[PDB]
Amino acid sequence: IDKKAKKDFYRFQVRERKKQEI
Amino acid sequence: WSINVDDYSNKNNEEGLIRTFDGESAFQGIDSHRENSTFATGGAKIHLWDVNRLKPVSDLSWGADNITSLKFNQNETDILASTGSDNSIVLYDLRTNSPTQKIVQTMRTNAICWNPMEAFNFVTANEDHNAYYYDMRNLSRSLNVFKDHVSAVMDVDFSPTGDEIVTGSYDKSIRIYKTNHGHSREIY
Amino acid sequence: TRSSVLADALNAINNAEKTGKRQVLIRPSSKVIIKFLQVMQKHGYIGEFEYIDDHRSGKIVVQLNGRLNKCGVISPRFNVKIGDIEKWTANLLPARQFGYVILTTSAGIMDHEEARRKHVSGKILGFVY
Amino acid sequence: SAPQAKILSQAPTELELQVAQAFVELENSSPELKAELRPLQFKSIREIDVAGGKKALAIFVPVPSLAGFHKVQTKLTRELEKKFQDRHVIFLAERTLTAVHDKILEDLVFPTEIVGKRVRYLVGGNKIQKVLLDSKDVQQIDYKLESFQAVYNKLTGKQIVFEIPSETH
Amino acid sequence: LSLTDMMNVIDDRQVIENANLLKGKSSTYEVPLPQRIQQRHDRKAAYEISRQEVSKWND
Amino acid sequence: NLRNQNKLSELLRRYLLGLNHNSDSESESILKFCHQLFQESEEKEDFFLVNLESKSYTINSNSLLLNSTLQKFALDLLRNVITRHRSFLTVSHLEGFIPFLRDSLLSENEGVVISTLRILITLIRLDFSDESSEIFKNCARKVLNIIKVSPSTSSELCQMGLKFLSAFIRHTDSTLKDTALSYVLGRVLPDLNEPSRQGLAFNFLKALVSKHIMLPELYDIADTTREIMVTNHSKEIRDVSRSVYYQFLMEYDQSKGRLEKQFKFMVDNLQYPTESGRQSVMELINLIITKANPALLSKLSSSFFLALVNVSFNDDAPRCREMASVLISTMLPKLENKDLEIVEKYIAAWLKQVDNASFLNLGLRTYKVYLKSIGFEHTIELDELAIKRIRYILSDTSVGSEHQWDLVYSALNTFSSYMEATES
Amino acid sequence: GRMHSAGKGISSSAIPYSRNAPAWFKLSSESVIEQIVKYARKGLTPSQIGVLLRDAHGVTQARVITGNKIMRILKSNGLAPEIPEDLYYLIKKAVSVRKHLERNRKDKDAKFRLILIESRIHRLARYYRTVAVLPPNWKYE
Amino acid sequence: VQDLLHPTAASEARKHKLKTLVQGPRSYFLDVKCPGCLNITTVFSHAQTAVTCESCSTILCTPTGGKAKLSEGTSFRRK
Amino acid sequence: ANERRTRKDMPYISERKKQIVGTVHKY
RNA sequence: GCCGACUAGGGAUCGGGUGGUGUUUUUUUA
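Residues numbered from 1 in each chain as written, not as in the entry; some residues may be left out. Chains lettered and ligands numbered in written order. Part of a larger assembly, values for the part shown. Heavy atoms only, no water. Residues with missing side-chain atoms left out of burial classes, pairs and counts.

Method information in the entry identifies cryo-EM as the source of the structure, with 4.74 Å recorded as the resolution.

If you want it as structure tokens, here you go:
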């Protein structure tokens, strides 16, 4: 499940990424 | 309808339509009781009719299914059999005015003929290139099977002697079978 | 290039009739297909036919009695007039009184016969004979 | 709980009062099923004759509660049939027309399930509508199909034939 | 309570014979079955009779 | 087509209803008008000619349908008139229509014949001449012919045929032969399996019992009708069936063994599962209670009593409980001193059963029925048992007490009635 | 039926006729909804989410079980994809094929598959633009 | 010869999933009882994941090409 | 015939009975 | 080698899946 999980798929996920990016 | 015929010269007209029967549904088959004037019509529902009554005298029906063909018995004239579109054969008795027995086949039967010499025995024209010979009392099994056609048999008839049967098929052939033998002795 | 569902059904029915098969399964189904089928059936060219709903487009199975010579969907959708109808029949049917041209008009899908009797016109769909 | 509380309709009919009384009696008898029965409430009832001569109780219900009813519909229906013999107890929700008709049919066939639906197009032009039903509880619904056609025709004004494949009824 | 138990409570045997209607097999009629289940049996019963008739032709 | 014929039949009915409210319906002119409808109701050339049509004309004859359609209207109009206007219902006014009635009776169409039967039933009481009277006799013969040809009695024509036979025997002095009566009753017996469409047949069966015509199969009818009451769901069929059997039971001769077996059914049918079935039995038992011989009542009193207290005590339907209490209440005055003495032992016996609480409620509830039917002080010993039983109940009302809430409530109920009876 | 290939495979899933939840299923509809959110918060796409629910929780289907598509369920709870499942996977595959290609400058087969992948992207990108799920200014890489 | 409208039940069972009169799933679901804690879990017949007991974190099944092979010792029922 | 070499339970079907799918009344 | 929108098949074989069966195989290391 963990190996199958992706860090970057959901609008919330990139929102987290967008949050940490800035 | 009435037809003028030259069978006898004991007289000398009124030839044409005599009486008409309106039905709510289409009619697909008709047969007449031999002993009495009563006759049956097979369409969406199997109906018993009298010549002198314009409406269907009695309504027979096992279920909602339509009836494709029928044939009265020639010896036990009170018994009737019918064919349905759900690959079924239904038996009836006029003495009880109700259906008697039903069996479902792998395919539809297009025609049914009763043996003139065997009151309890009849043959059925089936759509699997086969004709099936049946005893009325025990319908769990067939008496005999005929296999020599290559298209669905459309009509079947007993010899009035009762010892041969003739079958008609979509394959452009007519076959004659001996009653105790399962293969045609002849093809036309 | 894929063909319309009507055309596919028509071709299947024609093929099976010509190979002598007595039952045909048509998929998918439609109101145009089904309506055209009872038009045939009223004209007796086909027998019992039955509809499977699969919760999808659906399926038909048609009994054939071998009286169908040829059936087809005509294209393109060109309009047809009432008083003029006859000539298209003469063009689109083998003979004068043989066959039925199917037409979809304001009053539904119907042969040209019930059409001229109702004095209605509309779009032609095809032919059966 | 009074029978009227179970009846959403402001003016309860007499038969509504009897059925609500039976429902609250089941609540009181039940040690814990009451917990599910108490929230559950029905809009109305309608009793219809059948060809066999018996009657059928079509309970008109709200859909979001109809879910909960369906969770406990088996036991509740059996109990009410005990209270009201000669009567078939059925829960139908009140609700495009094709959608609602099929939903009513699904409510009818509950607990059993519809294997299929057939339509036969006859030579004369007669239409035979049929519904193919699973054999999960074949014996019980084999005592009830006449009620099913009566209900469907009475409510939807349609002729329909329920059959059960895999068996020659 | 059942009917029988009350009539036993009297314990008299002359009161018991007075109410003769109560002693005997229950003749309460059974609840009717569905029509098709009835006619299915009727069809079965008819099929028996028809079989007996045609068997006369057997000889 | 048939669908349009059905539509035409409706309009003709709508027209007929309008006449009923038409002022012309009250005049004598209409009878002449209906009279009018009846009588009104009763090679080298082809070698030269180009032919462009391949279709042949189809033969059809709708003249007969017009004749029947007009014939049906006049019969319905005539029957509507004579029923509504009594003066027109006279031999002189209706003498001329008899030859049309007999012709309509032979018509192939059933509906017109049905209307022919309806009018003839209306004219049965009316006096007629020798020529105009044979039509009643001939129709009695015809309806049998209809019954003979018909497969099942459950037919709209046959049911009306039985209706005329009922009136024929009821009113006309001439009566059908027993063998013919035996045959027709044989045919209705299987068709009676579905009573819903045999309401008219019941009225014919009522005619037979009304005149007390002795016929073997009529005994089979009584057995069959008895089942129909407690089983058939329709309200009407139970009522019509209830009266005929009750008259049959009370009029026709029966062996003593049968009489008990007839009363075996009612007490056993009292335990029928369906509430309506038990209710249907109440009216019969009530009929036995209200009007019956004292010896017959005394013979069966003890059985009816304790059978009723059952459904009063334990029954899913409160009304069946209430009715049985009402039934017991109207009986206890009528029972003899000895028979009531047996009742006195019974109520005392359960009150004596202090050990069993179930026996207790019977004593108190039955004691309530005892009061207001026989009254208080008729049996002092039973009253003391109730008062003692009430005291022992009310004393043990504490939390430690084991007495159930139904018991203390039952004691209060009988106690309240005892206050109304007496000031002690 | 395959584009960019001669295969005519018909392998696929066949939905059951019944559109009511299984009689054997006895878990609350909502408890699924929070459970769906939990993996989707963990980072599993609607595709993988459905695989786990059915495999371990008896969820035959998301519509039949609760009446809503898992995306709509996720969309209702404030969660969704940026770009669709289908397009999202194509981009990474196009990425990976490219990330291969610089190191290995003789993979003439790989470059061909890139064109097949890229053209598929353009068609899929074109249509998602038309439905407006993808605003028009989007262009591939 | 075969009746297209009324095919034999066996013939349907023998034949492919999708080309049928009415296509439906041949797959199904199971109750599998955990050997460790005796708790019951719902597992798909063709499950694609190594379904694990939530209570025990114990493997109940392993993925395969078709049906997932239930782990040894895991008692199972059709649901 | 080939299947019969390994499977234990295959009832032999009388061809007079194969065409019958079912009967309402069982005797 | 007639061609096509075109039916039902036969044997063998490659890859995958389902079911059965009894020989290899094998044992709480995997």
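1. Looking at the overall build of chain D
Looking only at helices and strands, one finds seven helices and six strands in chain D. N-terminal to C-terminal, the α/β element order of chain D is α-α-α-β-β-α-β-α-β-β-α-α-β. Projected onto the principal axes, the alpha-carbon positions of chain D cover approximately 60 × 30 × 30 Å. (Helix = DSSP H or I, 4+ residues; strand = E, 2+ residues; numbered from the N terminus.)

2. Examining the overall build of chain G
Regarding its fold elements, chain G presents six helices and zero strands. The linear arrangement of helices and strands in chain G, starting from the amino end, is α-α-α-α-α-α. The C-alpha radius of gyration of chain G comes to 19 Å, more than 25% above the 14 Å expected for a compact globule of 141 residues. In terms of principal-axis extent, the alpha carbons of chain G reach across some 60 × 35 × 30 Å. (Rg over C-alpha atoms; globule rule 2.2 N^0.38 Å.)

3. Quick word on the sheet that holds strand β1 (residues 23-26) of chain C
With mixed pairing, the six strands of this open sheet are ordered in space as β1(C)-β3(C)-β2(C)-β4(D)-β5(D)-β6(D). Edge positions in the sheet fall to β1 of chain C together with β6 (161-163) of chain D, since each of these pairs with one other strand and no more. Recorded for the sheet is a direction-independent mean angle of 20 degrees between the axes of neighbouring strands. Inspection of the sheet shows strand β2 (residues 49-52) of chain C paired to strand β3 (residues 59-63) of chain C by four bridges, in the antiparallel sense. (Pairing = 2+ DSSP bridges. Axes fitted to C-alpha atoms, helices over the stretch in contact; angles between N-to-C directions.)

4. Description of the interface of chain D and chain C
Across the boundary between the two partners, chain D contributes five residues, which contact five residues of chain C. Of the residues that constitute the side of chain D that touches chain C, the class distribution is two nonpolar, no polar and three charged. Looking at chain direction, β2 of chain C and strand β4 (residues 114-121) of chain D are connected through four bridges and run antiparallel. Across the sheet, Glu-50 of chain C pairs through a bridge with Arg-120 of chain D, a residue of β4 of chain D. (Contact = heavy atoms within 4.5 Å. Nonpolar A, V, L, I, M, F, W, Y, C, P; charged D, E, K, R; others polar.)

5. Observations concerning the packing of helix α8 (residues 156-171) of chain F against helix α10 (residues 199-211) of chain F
Residues and elements named next belong to chain F. Two numbers describe how α8 lies on α10: the axes approach to 8 Å, and their chain directions differ by 20 degrees. One finds that α8 runs roughly parallel with respect to α10. The handedness of the crossing between α8 and α10 is left-handed. Across from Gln-159, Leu-162 and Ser-166 in α8, the residues of α10 making contact are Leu-200, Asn-203, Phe-204 and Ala-207. Class assignment for the residues of the contact of α8 with α10 results in four nonpolar, three polar and no charged. (Parallel < 35°, antiparallel > 145°, perpendicular 65-115°, else oblique. Left-handed = near helix turned anticlockwise from the far one by under 90°.)

6. Re the pairing of strand β15 (residues 173-178) of chain B
Residues and elements named next belong to chain B. Note that strand β14 (residues 164-169) and β15 share six bridges and pair antiparallel. Bridge pairing in β15 places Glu-164 opposite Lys-178. As consecutive antiparallel partners, β14 and β15 are separated by three residues, and within that stretch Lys-172 has a phi angle of approximately 60 degrees, a positive value. Alignment of β15 against strand β16 (residues 184-187), held across three bridges, turns out to be antiparallel. Each residue of the ladder has a partner; that of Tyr-177, found in β16, is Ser-184.

7. With respect to the arrangement of the chains
Between chains G and H lies the most contact-rich interface of the 13 pairs of chains that touch. If you take every C-alpha in chain A and every C-alpha in chain E, the smallest gap between them is 56 Å, and the two do not touch. Separating chain G from chain I is a minimum C-alpha gap of 25 Å, and the two share no contact.

8. Some words on the interface of chain G and chain H
On the chain H side, the residues contacting the nine residues of chain G number ten residues. Among the residues making up the side of chain G that touches chain H, the classes are represented as five nonpolar, two polar and two charged.

9. Things to note about unusual backbone geometry
A cis amide bond links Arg-27 of chain C with the next residue in sequence, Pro-28 of chain C, at an omega value of 0 degrees. Note on placement: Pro-28 of chain C falls in the loop between β1 and α2 (31-42). With an omega of 10 degrees, the peptide bond running from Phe-110 of chain D to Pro-111 of chain D counts as cis. With respect to the element layout, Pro-111 of chain D can be found in the loop between α5 (97-109) and β4. Look at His-119 of chain C: it is not a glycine, yet its phi comes out positive at around 55 degrees. One can find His-119 of chain C in the loop between α4 (112-118) and β8 (122-128). Even without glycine at this site, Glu-141 of chain G takes up a positive phi of about 45 degrees. If you trace the backbone, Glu-141 of chain G turns up in the segment after α6 (108-130).

10. Some remarks on the sheet that holds strand β7 (residues 88-93) of chain B
If you trace the five strands from one edge of the open sheet to the other, you get β5(B)-β6(B)-β7(B)-β8(B)-β1(I), paired in antiparallel fashion. For this open sheet the edge positions go to β5 (67-72) of chain B together with β1 (20-23) of chain I, each flanked by a neighbour on one side alone. The sheet shows a mean angle of 25 degrees between the axes of neighbouring strands, taken without regard to direction.

11. Considerations on the pairing of strand β1 (residues 27-32) of chain B
Residue and element names in this part refer to chain B. Two strands pair when backbone bridges link them, and β1 and strand β2 (residues 39-43) are joined in this way by five bridges, in the antiparallel orientation. Looking at the pairing, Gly-29 lines up with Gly-42 of β2. Following β1, the chain reverses through six residues before pairing antiparallel with β2.

12. Section: the environment of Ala-324 of chain F
Residue and element names in this part refer to chain F. Position of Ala-324 among the secondary structure elements: in helix α16 (residues 318-331). Taking C-alpha positions, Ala-324 is 5.6 Å from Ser-312, a pair spaced twelve residues apart along the chain. Filtering out sequence-adjacent residues up to four positions away, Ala-324 remains in contact with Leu-308 and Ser-312.

13. Section: helix α18 (residues 357-370) of chain F
For the α-helix, the turn length of 3.6 residues means that residues three or four positions removed from each other point alike. Taking 1.5 Å of rise per residue, 14 residues should cover 20 Å, and α18 of chain F covers 20 Å from first to last C-alpha, within 8% of that figure. Positive backbone phi, approximately 75 degrees, marks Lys-372 of chain F, located one or two places after α18 of chain F. (Expected span 1.5 Å × (residues − 1).)

14. Some thoughts on the packing of helix α15 (residues 294-313) of chain F against α16 of chain F
All names here are of chain F. Following both chains from N to C, one finds α15 and α16 inclined at 145 degrees, their axes separated by 7 Å at the closest point. Handedness of the α15/α16 crossing: left-handed. Touching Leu-308, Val-311 and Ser-312 of α15 are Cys-320, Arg-321, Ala-324 and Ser-325, all from α16. Taken together, the residues of the contact of α15 with α16 sort by class into four nonpolar, two polar and one charged.

15. What about the environment of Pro-63 of chain H?
Following the sequence through the fold, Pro-63 of chain H ends up in the loop between β3 (61-62) and β4 (69-70). Each C-alpha atom, one on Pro-63 of chain H and one on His-46 of chain H, is 7.7 Å from the other, the two residues being 17 residues apart in sequence.

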